[PDB]
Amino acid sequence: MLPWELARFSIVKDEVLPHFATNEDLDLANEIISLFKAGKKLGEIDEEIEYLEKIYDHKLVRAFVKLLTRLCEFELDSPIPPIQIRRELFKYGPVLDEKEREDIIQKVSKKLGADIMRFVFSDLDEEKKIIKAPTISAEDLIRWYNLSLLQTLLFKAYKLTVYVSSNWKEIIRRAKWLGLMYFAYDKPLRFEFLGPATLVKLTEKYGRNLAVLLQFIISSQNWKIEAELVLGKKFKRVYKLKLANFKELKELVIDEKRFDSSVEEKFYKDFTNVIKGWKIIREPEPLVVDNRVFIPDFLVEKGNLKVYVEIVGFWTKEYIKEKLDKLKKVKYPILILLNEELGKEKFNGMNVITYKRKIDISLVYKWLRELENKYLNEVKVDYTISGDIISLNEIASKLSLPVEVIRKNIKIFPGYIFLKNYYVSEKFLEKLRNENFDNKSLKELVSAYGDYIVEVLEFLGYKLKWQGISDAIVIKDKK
């Protein structure tokens, strides 16, 4: 909310060095604070500070004035719309003598029933009047500047990396509350929030959100952040804004700590009742693929199947696209819920369910039930305790089912290893290695053990003959 035309900073190499206020700027801070005393027009504050606009930096002077004004309390608006006061009052044209002037004031003051003179220009900021003087110290004015300036540069940020180690849990769901757009990584454990440069229409409200999350990060024992600012019209170029555990930063905005969301808490609830086939976990453990954390909102489970769900705050075409492609290495289905905002026709996706104001558990099911109707390929759970060995045909024989349906649905059991066309308990196989038959032929010795050649083949087997029975040159050997 501080104007760009008032942002003052410097550039060396690839870093944007902000011209923060120091204690060299206290005489300045004092003289301006001294001027905001009760019963004074701030329009005439602008005339007073002209001489200070010359002796110091005009960007620093005005920026203080705007900040102090914001914390003053003024006479509230007139009971009559000031446009109509002037329309009715100025009807008598030029009136010269004070007694006729005194007549006309009384005349319309009765016609409208209020003190015309005190309110005639109440709507114009020039003709305001300070009732409660600001209570800011000349020193807290300087820290509050250095945060207003800090939040101003960030408002033109490509992205914003927040390096965090201990406060990992809190700042995330607060950002999720605030509805930001971001990618998380695990090499330094950073969060690369998308800066308000990405948004276009509601950027002023997005940047205010990011501005809120910043404030929670500065009020900590140790913190580090890096923002990317894109500067230049004819010759654009990215610069760095690095700042870590900085001192001069005090906020005079109260966020009111609403500490809950209207759509988020309505999501965890609306699903618990209207979709009972699934048993949802509140906050899945953070998945990490390719040194990057992909925090999902919640995971839902229809028995064996488990899918991740994430409801997003702010949307943009490139963000969802980049995310699902990044989550294309998640090895599990996902569903993403997006608030109805500027971005249109963004719900035309496999995971895109675009809500409007709150969570509609109804619309989730039509996809949630579609993903299991689409998984209509018969997979029947089966157990096998090997007598000596388990046969796939045997597993088919017991079940009174054709062999094929088992062959398609082959399952892996922690007990055994699957040599083709059979199973073998890993204890039975580990001992059969100690048997240690070097080479054989004619398949006569296979009958004594009575299993498949598949078991023999895995350890040390080779054959140069396709035929098995009454088949010449059958022989297996180690070499």
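The first residue of the sequence shown is number 1, and the count goes up from there.
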Looking at the entry, does 316-324 or 264-272 show the higher mean C-alpha B-factor? 264-272
Please compare 345-353 with 86-94 and name the stretch with the higher mean C-alpha B-factor in the deposited structure. 345-353
Residue selected from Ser122, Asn409, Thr203, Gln221 by maximal Cα B factor: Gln221
Residue with highest C-alpha B-factor in the PDB entry, from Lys380, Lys302, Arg208, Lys242: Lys302
What third of the chain does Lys427 rank in for C-alpha temperature factor, lowest, middle or highest? middle
Looking at the temperature factor on the CA atom of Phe246, which third of the chain's modelled residues does it land in? middle
Within this chain's modelled residues, let me know which third the CA B factor of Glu15 belongs to: lowest, middle or highest. lowest
Would the CA B-factor of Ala7 place it in the lowest, middle or highest third of its chain? lowest
Where the record places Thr69 (Cα B-factor, split into thirds across the chain): lowest
